[PDB]
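Asks: Here you go, this is run.cif (mmCIF, N, CA and C atoms).
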data_final
#
loop_
_atom_site.label_atom_id
_atom_site.label_comp_id
_atom_site.auth_asym_id
_atom_site.auth_seq_id
_atom_site.Cartn_x
_atom_site.Cartn_y
_atom_site.Cartn_z
N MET C 1 152.50 105.94 24.75
CA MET C 1 152.56 107.16 23.96
C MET C 1 153.77 108.01 24.36
N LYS C 2 154.81 108.03 23.53
CA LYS C 2 155.98 108.88 23.77
C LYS C 2 155.89 110.13 22.89
N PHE C 3 156.01 111.31 23.50
CA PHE C 3 155.99 112.56 22.76
C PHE C 3 157.29 113.31 22.99
N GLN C 4 157.93 113.73 21.89
CA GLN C 4 159.16 114.50 22.03
C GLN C 4 158.92 115.80 22.77
N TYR C 5 157.74 116.39 22.61
CA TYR C 5 157.42 117.60 23.35
C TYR C 5 157.62 117.41 24.85
N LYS C 6 157.25 116.23 25.37
CA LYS C 6 157.39 116.01 26.81
C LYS C 6 158.85 115.83 27.21
N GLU C 7 159.72 115.40 26.28
CA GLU C 7 161.16 115.37 26.51
C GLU C 7 161.74 116.77 26.57
N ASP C 8 161.22 117.65 25.71
CA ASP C 8 161.78 118.98 25.49
C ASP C 8 161.38 119.96 26.58
N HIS C 9 160.22 119.78 27.20
CA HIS C 9 159.70 120.73 28.18
C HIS C 9 159.35 120.00 29.46
N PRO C 10 160.04 120.29 30.57
CA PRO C 10 159.78 119.58 31.83
C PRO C 10 158.32 119.71 32.26
N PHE C 11 157.84 118.68 32.97
CA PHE C 11 156.42 118.60 33.33
C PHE C 11 155.98 119.83 34.11
N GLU C 12 156.81 120.30 35.03
CA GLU C 12 156.42 121.41 35.90
C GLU C 12 156.09 122.65 35.08
N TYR C 13 156.84 122.89 33.99
CA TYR C 13 156.56 124.04 33.14
C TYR C 13 155.36 123.80 32.24
N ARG C 14 155.17 122.57 31.74
CA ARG C 14 153.97 122.27 30.96
C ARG C 14 152.73 122.51 31.79
N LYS C 15 152.74 122.06 33.05
CA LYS C 15 151.55 122.18 33.90
C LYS C 15 151.21 123.63 34.17
N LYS C 16 152.22 124.46 34.42
CA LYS C 16 151.98 125.88 34.64
C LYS C 16 151.38 126.52 33.39
N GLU C 17 151.92 126.18 32.21
CA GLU C 17 151.38 126.73 30.97
C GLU C 17 149.95 126.25 30.73
N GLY C 18 149.68 124.96 30.96
CA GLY C 18 148.34 124.44 30.73
C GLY C 18 147.30 125.11 31.62
N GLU C 19 147.63 125.32 32.89
CA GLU C 19 146.71 126.00 33.80
C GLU C 19 146.41 127.40 33.31
N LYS C 20 147.45 128.14 32.94
CA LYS C 20 147.27 129.52 32.48
C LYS C 20 146.48 129.58 31.18
N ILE C 21 146.73 128.65 30.24
CA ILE C 21 146.08 128.80 28.94
C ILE C 21 144.61 128.38 29.03
N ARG C 22 144.26 127.43 29.92
CA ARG C 22 142.85 127.10 30.10
C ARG C 22 142.09 128.26 30.75
N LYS C 23 142.73 129.00 31.66
CA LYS C 23 142.08 130.16 32.26
C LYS C 23 141.93 131.29 31.25
N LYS C 24 142.89 131.45 30.34
CA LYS C 24 142.84 132.55 29.39
C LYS C 24 141.83 132.31 28.28
N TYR C 25 141.70 131.07 27.84
CA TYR C 25 140.85 130.70 26.71
C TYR C 25 140.00 129.49 27.08
N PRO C 26 139.02 129.67 27.97
CA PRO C 26 138.27 128.49 28.46
C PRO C 26 137.43 127.80 27.40
N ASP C 27 137.10 128.47 26.29
CA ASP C 27 136.35 127.84 25.19
C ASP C 27 137.25 127.19 24.15
N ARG C 28 138.56 127.13 24.41
CA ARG C 28 139.50 126.38 23.59
C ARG C 28 140.21 125.34 24.44
N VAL C 29 140.75 124.33 23.77
CA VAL C 29 141.56 123.35 24.48
C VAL C 29 142.96 123.29 23.88
N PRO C 30 143.97 123.14 24.72
CA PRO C 30 145.36 123.10 24.22
C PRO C 30 145.76 121.70 23.80
N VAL C 31 146.27 121.59 22.56
CA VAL C 31 146.55 120.31 21.93
C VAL C 31 147.98 120.31 21.42
N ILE C 32 148.74 119.29 21.81
CA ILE C 32 150.07 119.05 21.29
C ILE C 32 149.94 117.97 20.22
N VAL C 33 150.41 118.26 19.00
CA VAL C 33 150.27 117.34 17.87
C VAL C 33 151.66 116.94 17.38
N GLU C 34 151.90 115.62 17.26
CA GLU C 34 153.18 115.11 16.80
C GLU C 34 153.02 113.88 15.92
N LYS C 35 153.99 113.67 15.02
CA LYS C 35 154.06 112.43 14.26
C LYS C 35 154.24 111.22 15.16
N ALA C 36 153.47 110.17 14.89
CA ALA C 36 153.65 108.91 15.59
C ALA C 36 154.99 108.29 15.20
N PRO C 37 155.60 107.53 16.12
CA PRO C 37 156.83 106.81 15.77
C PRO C 37 156.64 105.95 14.53
N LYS C 38 157.64 106.01 13.65
CA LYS C 38 157.75 105.28 12.39
C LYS C 38 156.62 105.54 11.41
N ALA C 39 155.82 106.58 11.63
CA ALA C 39 154.88 106.98 10.59
C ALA C 39 155.65 107.55 9.40
N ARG C 40 155.17 107.25 8.20
CA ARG C 40 155.71 107.83 6.97
C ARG C 40 154.72 108.89 6.51
N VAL C 41 154.86 110.07 7.08
CA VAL C 41 154.00 111.22 6.80
C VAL C 41 154.92 112.43 6.94
N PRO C 42 154.60 113.57 6.32
CA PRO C 42 155.48 114.73 6.45
C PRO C 42 155.49 115.27 7.87
N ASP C 43 156.57 115.98 8.16
CA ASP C 43 156.72 116.65 9.44
C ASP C 43 155.70 117.77 9.59
N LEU C 44 155.42 118.11 10.84
CA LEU C 44 154.55 119.22 11.20
C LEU C 44 155.36 120.13 12.10
N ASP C 45 155.77 121.28 11.55
CA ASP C 45 156.61 122.22 12.31
C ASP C 45 155.87 122.74 13.54
N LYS C 46 154.67 123.27 13.33
CA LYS C 46 153.82 123.73 14.42
C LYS C 46 153.28 122.54 15.20
N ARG C 47 153.58 122.47 16.51
CA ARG C 47 153.06 121.40 17.34
C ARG C 47 151.96 121.85 18.30
N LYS C 48 151.78 123.15 18.51
CA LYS C 48 150.89 123.65 19.56
C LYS C 48 149.65 124.29 18.95
N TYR C 49 148.48 123.73 19.26
CA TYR C 49 147.21 124.19 18.69
C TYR C 49 146.21 124.49 19.79
N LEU C 50 145.61 125.67 19.73
CA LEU C 50 144.53 126.06 20.64
C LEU C 50 143.23 125.92 19.86
N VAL C 51 142.49 124.86 20.14
CA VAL C 51 141.40 124.40 19.27
C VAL C 51 140.06 124.75 19.92
N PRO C 52 139.11 125.31 19.18
CA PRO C 52 137.76 125.52 19.74
C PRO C 52 137.19 124.21 20.26
N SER C 53 136.56 124.27 21.44
CA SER C 53 136.07 123.05 22.07
C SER C 53 135.03 122.35 21.20
N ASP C 54 134.30 123.11 20.39
CA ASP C 54 133.25 122.58 19.53
C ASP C 54 133.76 122.03 18.21
N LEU C 55 135.04 122.23 17.89
CA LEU C 55 135.58 121.68 16.65
C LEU C 55 135.58 120.16 16.69
N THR C 56 135.19 119.52 15.58
CA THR C 56 135.15 118.06 15.56
C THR C 56 136.50 117.47 15.19
N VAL C 57 136.68 116.21 15.60
CA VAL C 57 137.86 115.46 15.18
C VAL C 57 137.98 115.48 13.65
N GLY C 58 136.85 115.34 12.94
CA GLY C 58 136.87 115.39 11.49
C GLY C 58 137.36 116.72 10.94
N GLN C 59 136.93 117.83 11.54
CA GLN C 59 137.45 119.13 11.14
C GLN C 59 138.94 119.23 11.42
N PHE C 60 139.41 118.64 12.53
CA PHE C 60 140.84 118.68 12.85
C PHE C 60 141.66 117.83 11.87
N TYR C 61 141.14 116.66 11.45
CA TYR C 61 141.78 115.91 10.36
C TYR C 61 141.94 116.79 9.12
N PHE C 62 140.89 117.52 8.74
CA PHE C 62 140.95 118.32 7.53
C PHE C 62 142.06 119.37 7.64
N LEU C 63 142.20 119.96 8.82
CA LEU C 63 143.23 120.97 9.04
C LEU C 63 144.62 120.36 8.93
N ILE C 64 144.86 119.25 9.64
CA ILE C 64 146.20 118.68 9.66
C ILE C 64 146.57 118.12 8.29
N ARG C 65 145.62 117.49 7.58
CA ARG C 65 145.87 117.02 6.22
C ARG C 65 146.43 118.14 5.35
N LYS C 66 145.81 119.33 5.43
CA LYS C 66 146.25 120.49 4.66
C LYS C 66 147.65 120.96 5.09
N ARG C 67 147.90 121.00 6.40
CA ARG C 67 149.18 121.50 6.92
C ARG C 67 150.35 120.65 6.45
N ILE C 68 150.15 119.33 6.33
CA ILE C 68 151.24 118.45 5.93
C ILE C 68 151.16 118.09 4.45
N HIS C 69 150.25 118.70 3.69
CA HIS C 69 150.24 118.60 2.22
C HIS C 69 149.96 117.17 1.76
N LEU C 70 149.05 116.46 2.43
CA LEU C 70 148.73 115.11 1.99
C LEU C 70 148.10 115.12 0.60
N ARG C 71 148.42 114.09 -0.19
CA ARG C 71 147.68 113.86 -1.42
C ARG C 71 146.31 113.30 -1.07
N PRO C 72 145.31 113.50 -1.95
CA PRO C 72 143.96 112.97 -1.65
C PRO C 72 143.95 111.50 -1.28
N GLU C 73 144.79 110.70 -1.91
CA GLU C 73 144.80 109.26 -1.67
C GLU C 73 145.63 108.86 -0.45
N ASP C 74 146.34 109.79 0.18
CA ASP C 74 147.05 109.47 1.41
C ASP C 74 146.03 109.34 2.54
N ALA C 75 146.24 108.38 3.43
CA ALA C 75 145.44 108.22 4.63
C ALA C 75 146.03 109.02 5.80
N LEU C 76 145.19 109.33 6.79
CA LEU C 76 145.63 109.99 8.00
C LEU C 76 144.84 109.44 9.18
N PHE C 77 145.55 109.01 10.22
CA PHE C 77 144.92 108.51 11.44
C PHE C 77 145.42 109.31 12.62
N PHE C 78 144.53 109.59 13.58
CA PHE C 78 144.92 110.19 14.85
C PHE C 78 144.91 109.14 15.94
N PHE C 79 145.79 109.33 16.92
CA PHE C 79 145.81 108.48 18.11
C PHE C 79 145.84 109.35 19.35
N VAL C 80 145.00 109.01 20.32
CA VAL C 80 145.01 109.63 21.64
C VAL C 80 145.00 108.48 22.63
N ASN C 81 146.00 108.43 23.51
CA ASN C 81 146.19 107.32 24.44
C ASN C 81 146.05 105.97 23.74
N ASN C 82 146.73 105.85 22.60
CA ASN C 82 146.89 104.62 21.81
C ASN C 82 145.65 104.19 21.04
N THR C 83 144.61 105.02 21.01
CA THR C 83 143.32 104.68 20.41
C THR C 83 142.97 105.72 19.36
N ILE C 84 142.34 105.28 18.28
CA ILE C 84 141.78 106.21 17.30
C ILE C 84 140.50 106.86 17.82
N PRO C 85 140.47 108.19 17.95
CA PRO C 85 139.26 108.85 18.47
C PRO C 85 138.16 108.86 17.42
N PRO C 86 136.89 108.87 17.84
CA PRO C 86 135.80 108.90 16.86
C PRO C 86 135.83 110.20 16.06
N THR C 87 135.62 110.07 14.75
CA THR C 87 135.67 111.25 13.90
C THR C 87 134.59 112.26 14.29
N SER C 88 133.47 111.80 14.83
CA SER C 88 132.37 112.68 15.19
C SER C 88 132.52 113.31 16.57
N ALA C 89 133.52 112.91 17.36
CA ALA C 89 133.73 113.52 18.66
C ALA C 89 134.14 114.98 18.52
N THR C 90 133.80 115.79 19.52
CA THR C 90 134.39 117.13 19.57
C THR C 90 135.75 117.09 20.25
N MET C 91 136.55 118.10 19.94
CA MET C 91 137.87 118.16 20.53
C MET C 91 137.77 118.49 22.02
N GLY C 92 136.74 119.24 22.41
CA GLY C 92 136.52 119.47 23.83
C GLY C 92 136.19 118.19 24.58
N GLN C 93 135.42 117.30 23.95
CA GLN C 93 135.11 116.03 24.61
C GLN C 93 136.37 115.18 24.71
N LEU C 94 137.14 115.10 23.62
CA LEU C 94 138.40 114.38 23.67
C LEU C 94 139.30 114.92 24.77
N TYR C 95 139.37 116.26 24.89
CA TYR C 95 140.16 116.89 25.93
C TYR C 95 139.69 116.48 27.32
N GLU C 96 138.38 116.56 27.56
CA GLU C 96 137.83 116.26 28.88
C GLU C 96 138.20 114.85 29.29
N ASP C 97 138.19 113.91 28.33
CA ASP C 97 138.38 112.51 28.66
C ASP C 97 139.83 112.06 28.61
N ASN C 98 140.73 112.82 27.98
CA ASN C 98 142.08 112.34 27.73
C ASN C 98 143.21 113.29 28.10
N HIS C 99 142.95 114.53 28.50
CA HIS C 99 144.04 115.42 28.84
C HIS C 99 144.94 114.80 29.91
N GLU C 100 146.23 115.12 29.84
CA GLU C 100 147.17 114.66 30.83
C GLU C 100 147.21 115.61 32.04
N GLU C 101 148.08 115.29 33.00
CA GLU C 101 148.16 116.05 34.24
C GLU C 101 148.74 117.45 34.08
N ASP C 102 149.27 117.79 32.91
CA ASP C 102 149.68 119.15 32.60
C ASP C 102 148.60 119.97 31.93
N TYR C 103 147.39 119.42 31.81
CA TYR C 103 146.21 120.05 31.21
C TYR C 103 146.32 120.18 29.69
N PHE C 104 147.25 119.46 29.06
CA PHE C 104 147.33 119.37 27.60
C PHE C 104 146.70 118.06 27.12
N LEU C 105 146.13 118.11 25.91
CA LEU C 105 145.74 116.94 25.14
C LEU C 105 146.83 116.61 24.12
N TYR C 106 147.24 115.35 24.06
CA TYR C 106 148.30 114.88 23.16
C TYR C 106 147.70 114.03 22.05
N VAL C 107 147.90 114.44 20.80
CA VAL C 107 147.40 113.74 19.62
C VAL C 107 148.58 113.36 18.74
N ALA C 108 148.71 112.08 18.42
CA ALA C 108 149.69 111.62 17.43
C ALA C 108 148.99 111.40 16.10
N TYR C 109 149.70 111.64 15.00
CA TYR C 109 149.15 111.36 13.67
C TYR C 109 150.05 110.41 12.89
N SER C 110 149.43 109.64 11.99
CA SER C 110 150.15 108.60 11.26
C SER C 110 149.46 108.25 9.95
N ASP C 111 150.22 107.63 9.05
CA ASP C 111 149.68 106.95 7.88
C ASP C 111 149.24 105.52 8.16
N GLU C 112 149.57 104.98 9.33
CA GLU C 112 149.13 103.64 9.70
C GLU C 112 148.02 103.70 10.73
N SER C 113 147.21 102.65 10.73
CA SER C 113 146.07 102.57 11.63
C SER C 113 146.42 101.99 13.00
N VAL C 114 147.66 101.56 13.20
CA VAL C 114 148.14 101.02 14.47
C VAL C 114 149.26 101.94 14.95
N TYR C 115 149.15 102.43 16.18
CA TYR C 115 150.14 103.40 16.65
C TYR C 115 151.53 102.78 16.72
N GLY C 116 152.49 103.46 16.11
CA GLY C 116 153.87 103.01 16.18
C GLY C 116 154.18 101.78 15.36
N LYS C 117 153.51 101.59 14.23
CA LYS C 117 153.95 100.60 13.26
C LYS C 117 154.31 101.30 11.95
N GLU S 201 157.07 127.90 22.03
CA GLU S 201 156.59 128.61 20.85
C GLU S 201 155.11 128.94 21.04
N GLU S 202 154.52 129.61 20.05
CA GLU S 202 153.19 130.19 20.16
C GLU S 202 152.11 129.18 19.78
N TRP S 203 150.95 129.33 20.41
CA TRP S 203 149.79 128.52 20.06
C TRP S 203 149.21 128.99 18.74
N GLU S 204 148.89 128.04 17.86
CA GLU S 204 148.13 128.35 16.66
C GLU S 204 146.66 128.46 17.03
N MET S 205 146.04 129.59 16.71
CA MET S 205 144.64 129.86 17.04
C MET S 205 143.79 129.28 15.92
N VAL S 206 143.25 128.08 16.12
CA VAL S 206 142.49 127.40 15.06
C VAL S 206 141.10 128.04 14.94
N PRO S 207 140.61 128.35 13.75
CA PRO S 207 139.29 128.97 13.64
C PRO S 207 138.15 127.98 13.86
N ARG S 208 137.00 128.53 14.26
CA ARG S 208 135.76 127.77 14.42
C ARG S 208 135.14 127.41 13.08
N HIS S 209 134.32 126.35 13.11
CA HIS S 209 133.48 125.91 12.00
C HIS S 209 134.19 126.01 10.65
N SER S 210 135.20 125.18 10.45
CA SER S 210 135.93 125.10 9.20
C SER S 210 135.41 123.92 8.38
N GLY S 211 136.06 123.66 7.24
CA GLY S 211 135.64 122.59 6.36
C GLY S 211 135.97 121.21 6.91
N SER S 212 135.38 120.19 6.29
CA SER S 212 135.68 118.82 6.67
C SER S 212 135.52 117.85 5.50
N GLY S 213 135.01 118.34 4.37
CA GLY S 213 134.87 117.51 3.18
C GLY S 213 133.44 117.20 2.77
#
Could I get this structure in the form of structure tokens?
Replies:
Amino acid sequence: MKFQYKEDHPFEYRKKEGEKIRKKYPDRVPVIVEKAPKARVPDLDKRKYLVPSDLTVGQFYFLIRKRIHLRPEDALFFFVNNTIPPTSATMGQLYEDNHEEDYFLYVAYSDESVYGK
Amino acid sequence: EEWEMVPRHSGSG
């Protein structure tokens, strides 16, 4: 999983921000969202989302679909650590199981069901 | 940049 956000912001600063934002908003989780490599989907200008821990993956799909103006017939897949997360999972559960060492959760989105194809 | 504050209990279809 390569994220441009991690190229743009050194780890030491990401970790400091993640620690502070979890203390400030403990009922939310910090999520970095980016297009998967070679996905044919519109860009997402906003990459930083503070998501209620109880929000479902399905609710988050609905939000991102709207933000990138998908047509009804367009597909959308999420990837976390190279795997599609269950639609019924909460974002807090995904965070607990997959956050990186900077305390952020990284989600890639794509029109393909295989990451980076 | 700033965090987007996502609202609770939104739609899903």
Asks: I would like the residues chosen by the PyMOL selection byres ((chain S and resi 205) around 7) on the shown file; could you give them as a PyMOL selection string?
Replies: (chain C and resi 48-52) or (chain S and resi 202-204+206-207)
Asks: I need the chosen residues saved as a PDB file, keeping the file's coordinate frame, with N, CA and C atoms.
Replies:
ATOM      1  N   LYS C  48     151.780 123.150  18.510  1.00  0.00           N
ATOM      2  CA  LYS C  48     150.890 123.650  19.560  1.00  0.00           C
ATOM      3  C   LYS C  48     149.650 124.290  18.950  1.00  0.00           C
ATOM      4  N   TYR C  49     148.480 123.730  19.260  1.00  0.00           N
ATOM      5  CA  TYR C  49     147.210 124.190  18.690  1.00  0.00           C
ATOM      6  C   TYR C  49     146.210 124.490  19.790  1.00  0.00           C
ATOM      7  N   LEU C  50     145.610 125.670  19.730  1.00  0.00           N
ATOM      8  CA  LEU C  50     144.530 126.060  20.640  1.00  0.00           C
ATOM      9  C   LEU C  50     143.230 125.920  19.860  1.00  0.00           C
ATOM     10  N   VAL C  51     142.490 124.860  20.140  1.00  0.00           N
ATOM     11  CA  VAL C  51     141.400 124.400  19.270  1.00  0.00           C
ATOM     12  C   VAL C  51     140.060 124.750  19.920  1.00  0.00           C
ATOM     13  N   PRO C  52     139.110 125.310  19.180  1.00  0.00           N
ATOM     14  CA  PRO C  52     137.760 125.520  19.740  1.00  0.00           C
ATOM     15  C   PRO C  52     137.190 124.210  20.260  1.00  0.00           C
TER      16      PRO C  52
ATOM     17  N   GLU S 202     154.520 129.610  20.050  1.00  0.00           N
ATOM     18  CA  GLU S 202     153.190 130.190  20.160  1.00  0.00           C
ATOM     19  C   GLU S 202     152.110 129.180  19.780  1.00  0.00           C
ATOM     20  N   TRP S 203     150.950 129.330  20.410  1.00  0.00           N
ATOM     21  CA  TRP S 203     149.790 128.520  20.060  1.00  0.00           C
ATOM     22  C   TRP S 203     149.210 128.990  18.740  1.00  0.00           C
ATOM     23  N   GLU S 204     148.890 128.040  17.860  1.00  0.00           N
ATOM     24  CA  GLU S 204     148.130 128.350  16.660  1.00  0.00           C
ATOM     25  C   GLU S 204     146.660 128.460  17.030  1.00  0.00           C
ATOM     26  N   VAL S 206     143.250 128.080  16.120  1.00  0.00           N
ATOM     27  CA  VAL S 206     142.490 127.400  15.060  1.00  0.00           C
ATOM     28  C   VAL S 206     141.100 128.040  14.940  1.00  0.00           C
ATOM     29  N   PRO S 207     140.610 128.350  13.750  1.00  0.00           N
ATOM     30  CA  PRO S 207     139.290 128.970  13.640  1.00  0.00           C
ATOM     31  C   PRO S 207     138.150 127.980  13.860  1.00  0.00           C
TER      32      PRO S 207
END
Asks: Considering only N, CA and C atoms, extract the chain C residues located within 8 Å of chain S and return them as JSON, numbers by chain.
Replies: {"C": [46, 47, 48, 49, 50, 51, 52, 53, 54, 55, 56, 58, 59, 60, 61, 62, 63]}
Asks: Please, what distance in Å, to one decimal, runs between atom N of residue 93 of chain C and atom CA of residue 72 of chain C?
Replies: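 Straight-line distance from atom N of residue 93 of chain C to atom CA of residue 72 of chain C works out to 27.3 Å.
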Asks: Please measure the separation of atom C of residue 38 of chain C and atom C of residue 117 of chain C, giving the value in Å to one decimal.
Replies: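 Atom C of residue 117 of chain C lies at a distance of 4.9 Å from atom C of residue 38 of chain C.
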Asks: Report as JSON, numbers by chain all protein, DNA and RNA residues lying within 10 Å of segment 97-103 of chain C, evaluated on only C-alpha atoms, omitting residues in the same chain fewer than 6 positions from it.
Replies: {"C": [11, 12, 13, 14, 15, 16, 17, 18, 19, 20, 21, 22, 29, 30, 31, 80, 81, 91]}
Asks: By how many Å are atom N of residue 4 of chain C and atom CA of residue 96 of chain C apart?
Replies: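 Going from atom N of residue 4 of chain C over to atom CA of residue 96 of chain C, I get 21.4 Å.
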Asks: Which one is closest to residue 5 of chain C: C:73, C:43, C:111, C:34? Count only C-alpha atoms.
Replies: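 Smallest distance to residue 5 of chain C is found for C:34.
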Asks: Which residue, C:35, C:65, C:23, C:9, has the smallest gap to residue 108 of chain C when you use only C-alpha atoms?
Replies: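 Nearest to residue 108 of chain C: C:35.
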Asks: I need the residue set behind the PyMOL selection byres (((chain C and resi 109 and name CA) around 9) and name CA) for this file; please write it as a list in words.
Replies: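 So the PyMOL selection byres (((chain C and resi 109 and name CA) around 9) and name CA), applied here, picks out residues 33, 34, 35, 36, 39, 41, 64, 76, 77, 78, 79, 107, 108, 110, 111, 112 and 115 of chain C.
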